[PDB]
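Protein chains in written order, with the entry's author numbering: chain R, 2882 to 2901, 2911 to 3344, 3347 to 3361; chain W, 3314 to 3409; chain C, 2882 to 2900, 2919 to 2929; chain P, 2978 to 3025; chain X, 2690 to 2737; chain F, 290 to 334, 337. Data first, discussion second: the structure below is written as structure tokens.
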């Protein structure tokens, strides 16, 4: 049908001459995070002021009140017959709890008055010493705090190896292994090694003294401890932004379905959670976004190496085929460490590296179904033997206090990265020792193989766990 | 439907059960003196080690109805002797 | 006379940016 | 003096002259004051 | 008359779905445009 | 009031600052003299 022209008004003519503005609103009222060694007098004094008055505060949102949720004195749960720890460990929903802790700390800082967010320190770059802002002794509150609860002083045992770090594979060991974690294209399979690396240097900087952050009870009351998790958040977010352009989702995960749909605790409590933001942001589905959180970084480059450098070095290292080991770990209830030593095929032992675990007495028991990948092949190409070789491991386990322990761990497994192939290969050894872990989850399309000394006992998929009985 | 497991002193029940859609879970006690709590762990290593979690967190009271979300629970009785007894009952909730 | 209000639609809102005498204090707030 | 009604006046005078003494050493405030009945746990950190 | 030309019945055909997905992509690229231009995208000063 | 370590920390924290410098190549004209320097907007073209 046609319509009467009175329904639309006659147009108008405009003429813009060719070339050869609008303002800038939204001053971005979000606190921002800078590198620790890129600051000046005004903001360093502001951070010192914020720290001193948060220490001095004894209110519901004081330093002790906000840090009691992590290490001590086990105010978890709300008014029960017995108390455990609210600390979330061993579970792939780990980062959310620490992220909410950090945002609550930043809200406390903003309430105090500091306009600049928490600083972050990078350990990937070589460092001869820890930053002067925290190593200073001329009345520096960052150095140490005297706990009111336990009535003790926190010791500091920095491992000297963090300065003369061994250069494994022509690179820093720590940077190399964090790159090997970043190479993972699957969310939870990445974040398990991610949390492992979170755990690693905790014992390194804790050292030996009991009154140190190495144990979880004394961990929760140090500025370095509370900036470590900010750095962890930074590395998590940069991994997110690297992975989001490789055509692979990051939030969605079927490996930890059950745990994503519970309010975070004790942040869900009303008794001692004054902040409405972290009161109402208990849902892990909505934790991921940061626009509602109002905090952001400035630069994401690491070691002078931008996103493309990692995006190419991933395949640069996948071109060189290499085999690696894998352990399986479970909670023990105390922070400790382990050192692994080789037993090669008719050869002398070769030292490669170590192991580190953070735990507490009030921990909620957990387990790691996913294997932890580790790099034991430096000695392998040192000895020149083939990757598909046969050997053994030995473990020396010791708590950070420096005494022998008894909670041993299961036998290793072997996983190799085929050249030019995205998948890995998982080989299970069939021997006379039943030290292998019971159940394992496997990444997508990973090659499967079975090794035997000959003892050619095959295996059958029975189809039921009841077939065990 | 509802499945009711009494707090039996010994467990002859098959270790694993795969429930159907709409099947609530209830715990019972053959003797009224055996009304103790029952624990949950959620991992096979905890199944084979019986590490008792502190507090009442992840624990169910007998003679109480429960609806459980889709998941696999490796239920163990709160008793430490039940660890060696072997009351590891795996339950897989059906959500179709 | 108070005329109608439908002949005028809803006003919109917009924003544009731009270009001795000692007093002793507590030790807590020090 | 203790136990006599001159206790508060004399102690006020003592506080004033201590403030005057502290004035000598380049400060801006006097003797800090605080409430022990305020909800807290123990003495402030700078004391210990 | 019962096609997708009419606004109400359009949403039934998945062609509407495809079209809206594509126009959403070609709108969201404007966010990257503003990213490069250094302008403001997270807020709109119109009809708040 | 600054000791060796104090002036040290000052020097490392100062090395990171970003500055605008005037570089001078002077020689002396046989008499003491001073130079006053001013900055203006980059308008090289009322």
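We treat Cβ as the ideally placed atom computed from N, Cα and C, and that holds for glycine.
Could you tell me which chain C residues have their CB closer than 9 Å to the CB of residue 2737 of chain X, listed as they occur along the chain?
2893, 2894, 2895 and 2896
Please state whether DSSP places residue 3028 of chain R in a helix, a strand or coil.
coil
With residue 3349 of chain R and residue 3320 of chain R assumed to form a contact (beta carbons below 8 Å), what rounded beta-carbon distance in angstroms separates them?
6 Å
Is the beta carbon of residue 305 of chain F sitting closer than 9 Å to the one on residue 2930 of chain R?
yes
The beta strand (DSSP E) spanning residue 3235 of chain R covers which residue range?
Neither: residue 3235 of chain R is in no beta strand (DSSP E) and is coded neither H nor E.
Residue 2711 of chain X - DSSP class collapsed to helix/strand/coil
helix
Tell me the DSSP secondary structure of residue 3051 of chain R in three-state form.
helix
With which residues is residue 3193 of chain R paired in a DSSP beta bridge?
For residue 3193 of chain R, which the question treats as bridged, DSSP gives no partner whatsoever.
Cut-off 6 Å between Cβ atoms - residues of its own chain near residue 2988 of chain R, not counting five sequence neighbours on either side
3119
Helix, strand or coil for residue 3320 of chain W per DSSP?
coil
Proximal residues, the segment 2998-3021 of chain P versus chain R, C-beta separation under 9 Å
3015, 3016, 3017, 3018, 3019 and 3021
For residue 298 of chain F, which three-state DSSP category applies?
helix
Is residue 2883 of chain C helix, strand or coil when you go by DSSP?
coil
Is residue 2694 of chain X close to chain R? Criterion is C-beta to C-beta, closer than 9 Å.
no
Between the Cα of residue 3259 of chain R and the Cα atoms of R/3122, R/2885 and R/3146, which residue gives the shortest distance?
R/3146
Contact check, residue 2986 of chain R vs residue 3156 of chain R, beta carbons under 9 Å:
no
Using 9 Å as the threshold, is the C-beta distance between residue 2915 of chain R and residue 2734 of chain X below it?
yes
Output the boundary residues of the alpha helix (DSSP H) element that contains residue 2937 of chain R.
2931-2946
Proximal residues, the segment 2946-2973 of chain R versus chain A, C-beta separation under 8 Å
In the displayed structure, chain A is absent; the protein chains listed are R, W, C, P, X and F.
Could you give the DSSP three-state label for residue 2731 of chain X: helix, strand or coil?
coil
Hey, residue 3403 of chain W and residue 3379 of chain W: beta-carbon distance below 9 Å or not?
no
Are the C-beta atoms of residue 3338 of chain W and some chain R residue less than 9 Å apart?
no
Unbroken beta strand (DSSP E) run spanning residue 3341 of chain W, endpoints:
3337-3341
For residue 2886 of chain C, which residues in chain R fall below 9 Å Cβ to Cβ?
Ordered by position in chain R, no residue passes the 9 Å Cβ test against residue 2886 of chain C, which lies about 24 Å from the chain.
Against chain R, which members of the segment 296-308 of chain F pass a CB distance test of less than 8 Å?
298, 301, 302, 305 and 306
How about the segment 3174-3186 of chain R and the segment 3158-3165 of chain R: do they share at least three Cβ pairs that are nearer than 8 Å?
no
Element boundaries [alpha helix (DSSP H), containing residue 3079 of chain R]:
3077-3096
What residues in its chain sit with their C-beta under 6 Å from that of residue 3150 of chain R, if we drop five residues either side in the sequence?
3174
Neighbourhood of residue 3055 of chain R by C-beta distance below 8 Å, restricted to the same chain and skipping five residues each side:
3016, 3062, 3063 and 3064
Measuring CB to CB, does residue 3374 of chain R end up less than 9 Å from residue 3037 of chain R?
With chain R covering 2882 to 3361 only, the question about residue 3374 of chain R has no answer from this structure.
Own chain, CB closer than 7 Å to residue 3393 of chain W, minus 5 neighbours either side, in chain order:
3365
Chain-ordered chain R contacts of residue 3354 of chain W [CB-CB under 8 Å]
3255
With 9 Å set as the bound, which would you pick, yes or no: does the beta-carbon of residue 2991 of chain P sit closer than that to a beta-carbon of chain C?
no
What residue range does the beta strand (DSSP E) around residue 3262 of chain R cover?
3262-3264
With distances taken from CA atoms, which of R/3316, R/3000 and R/3248 is nearest residue 3277 of chain R?
R/3316
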